[PDB]
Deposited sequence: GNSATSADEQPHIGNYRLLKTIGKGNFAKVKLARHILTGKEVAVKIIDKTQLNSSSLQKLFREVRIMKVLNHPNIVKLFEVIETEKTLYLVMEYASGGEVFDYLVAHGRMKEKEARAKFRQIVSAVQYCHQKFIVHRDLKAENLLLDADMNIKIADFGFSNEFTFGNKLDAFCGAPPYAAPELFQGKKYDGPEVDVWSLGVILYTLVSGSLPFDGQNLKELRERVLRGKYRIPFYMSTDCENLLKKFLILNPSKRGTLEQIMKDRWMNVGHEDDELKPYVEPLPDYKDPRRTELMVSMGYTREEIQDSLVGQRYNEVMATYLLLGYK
């Protein structure tokens, strides 16, 4: 029972999952609510699901969509999360053409920050793609016909070489592709089928657009390196020149998560007002329970 949210539109249907837009009753705040039918999933989908939940609970970064609540039932799982009303970066690109380098950089600095933050938590994404880059109202990055559409162009070469495919360097290769699409408005590696796509990726070479700066081009080369073990950490890339143009006071650095605030007295008292107990507020937050109490508290933060 998700009585504490009021369901508005459907924003997306899946085979065995739907996403609704919803209003969180106590705060009026808009949320996205993924409703998953667990009875329709097989073993490995359940592994992926449980893993996504574990991951998503632990991430707290202004460019990765925030988790506010999880509601479990035997048959159905509900994930209440932040809503990014801006739609996808992929889309934007096709509406607008490439981004000018200045713009690409604002977005890309967010993306690198988000993904590098994951890497420091030993979470690797493993198929970063167009689909996964969403936009908020003010156009900030928020990180999120079958599962293969759009997918191969982001695959790092080791996929096609029988090599292990689990390093953070795999994300590094994808961020490369992302950079390239942002600034050029198309993919650096494409083809009419898997065979063609694979030869391009494995050869690793890509067309330089006439307008591209050389700074940007050097950047791409730090990402799109065939040899997995010879790819820089995102942390090293963060110092790249192009990455810091107009940010001389302000080198892009590893994100530092802020210290927990589980006792905000403004929000505590407000909640006491709604008829929560101070007792349960503490338990839920310290316990990192993601129940309705913690959803309210997090949501009062916006």
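Residues 1 to 11, 156 to 168, 327 of the deposited sequence have no C-alpha coordinates in the model.
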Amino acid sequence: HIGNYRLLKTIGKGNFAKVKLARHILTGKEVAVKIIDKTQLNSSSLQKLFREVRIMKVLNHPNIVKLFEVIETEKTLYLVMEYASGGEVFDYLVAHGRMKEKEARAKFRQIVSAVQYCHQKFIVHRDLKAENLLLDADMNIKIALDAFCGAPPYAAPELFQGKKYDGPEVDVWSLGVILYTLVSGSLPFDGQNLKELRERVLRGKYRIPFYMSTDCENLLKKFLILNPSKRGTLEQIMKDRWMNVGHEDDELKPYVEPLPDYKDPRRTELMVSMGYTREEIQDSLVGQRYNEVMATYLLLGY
From here on, numbers count along this sequence of modelled residues.
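Stretch comparison (195 to 203 versus 110 to 118) by mean CA B-factor in the PDB entry places 195 to 203 on top. According to the PDB record, 257 to 265 carries the higher mean C-alpha B-factor of the two stretches 257 to 265 and 238 to 246. Within the listed group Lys230, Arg105, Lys142, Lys222, the record reports its top CA B-factor for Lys230. Of the candidates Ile208, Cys216, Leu77, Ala147, the one whose C-alpha carries the top B factor in the deposited record is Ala147. Ranked by Cα temperature factor within the chain, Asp37 sits in the middle third according to the deposited record. Placement of the Cα temperature factor of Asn63 within the chain: lowest third of the modelled residues, per the deposited record.
Residue-level temperature factors show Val89 in the highest third of its chain, judged at the C-alpha atom.
When the modelled residues of the chain are ordered by their C-alpha B factor, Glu251 lands in the highest third. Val293: CA B factor lies in the lowest third for its chain, per the PDB record.
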